[PDB]
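Structure, as structure tokens:
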Amino acid sequence: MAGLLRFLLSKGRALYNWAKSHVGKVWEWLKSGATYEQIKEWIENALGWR
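Mapping of the sequence shown onto the authors' numbering: position 23 corresponds to residue 23, and the numbering continues sequentially without gaps.
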């Protein structure tokens with residue numbers, strides 16, 4: 001989880017701010033066992049409105 005935050009921090013500053021989710025369930029999936037690419041796509045969808 002810590003590695004994911006740093007990777008995201010390197011690129012996508014706006015995303016970093018959005019990373020501050022009020023729900024732990026979103027990050028729970030990572031713990032269960034998933035890659036950053038898969039997690040990012042799901043999250044990116046929420047910002048797809050932009």
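The C-beta atom is built at its ideal place from N, Cα and C for all residues, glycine as well.
Query                                                                                                    : Result
Under 8 Å between C-beta atoms of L30 and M1                                                             : yes
Residues near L4 by beta carbon distance below 6 Å, same chain, minus five either side                   : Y36
Helix, strand or coil at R13 according to DSSP, with G and I counted as helix                            : helix
Neighbourhood of residue 57 by C-beta, 7 Å cutoff - its chain only, sequence neighbours within 5 removed : Absent from the model: residue 57. The displayed extent of the chain is 1 to 50, so no value can be given.
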